[PDB]
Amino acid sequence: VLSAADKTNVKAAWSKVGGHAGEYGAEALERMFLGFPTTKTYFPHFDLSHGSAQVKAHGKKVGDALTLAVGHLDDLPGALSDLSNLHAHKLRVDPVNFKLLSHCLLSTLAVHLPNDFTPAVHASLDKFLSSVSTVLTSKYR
């Protein structure tokens, strides 16, 4: 995330994700709901059935937010300032859930990009997700 080498890897890896960011975000959400049933409690207003238009729509948003972050590795706190208010202040999301979603995103990237998901890239992406999660739980700073 923060080391020059890590930023380079993150931007590179995300160029390979491309316009699939939204699709992967939606699949990562389904993996999280299935794998870790505790998380479902934050979405009482969603239809959580596979292929849900709500989950699809929400995955796209999550995907666009990450693509935004990758463009602003220099100033994550500023670029995601609004999102930290929502997650930590309004929703009070338990920080453990960010680790769970991050694991599910890495799993989804492994599934779709097996050749590009090298150990070096896996490492840099884990740091990236960890650094985003920090920002989004920043109200707990």
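Definition used throughout: the rigid core is the maximal C-alpha set that superposes within 1.5 Å between two forms. Each residue number is its position in the shown sequence, starting from 1.
Quiz prompt | Farther-lying stretch by C-alpha RMS in 4 other deposited structures of this protein (rigid core fit) among 69 to 77, 48 to 56 | solution = Relative to the shown form, the greater RMS C-alpha distance in 4 other deposited structures of this protein belongs to 48 to 56.
Quiz item: Core-superposed in 4 other deposited structures of this protein, which stretch deviates more in Cα positions, 38 to 46 or 107 to 115?
Solution: With the rigid core superposed, the C-alphas that lie farther in 4 other deposited structures of this protein are those of 38 to 46.
Quiz prompt | Average Cα temperature factor in the PDB entry - higher stretch of 10 to 18, 117 to 125 | solution = Looking at the record's C-alpha B-factors, the answer is 10 to 18.
Self-check item: Entry-level comparison of average CA B-factors, 44 to 52 and 91 to 99, reporting the higher stretch
Solution: Going by the record's values, the stretch with the higher mean is 44 to 52.
Quiz prompt | Top residue by Cα temperature factor, when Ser81, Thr108, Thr67, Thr39 are compared in the entry | solution = It is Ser81.
Quiz item: With respect to C-alpha B-factor, does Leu76 fall in the lowest, middle or highest third of the chain as deposited?
Solution: CA B-factor rank for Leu76: highest third.
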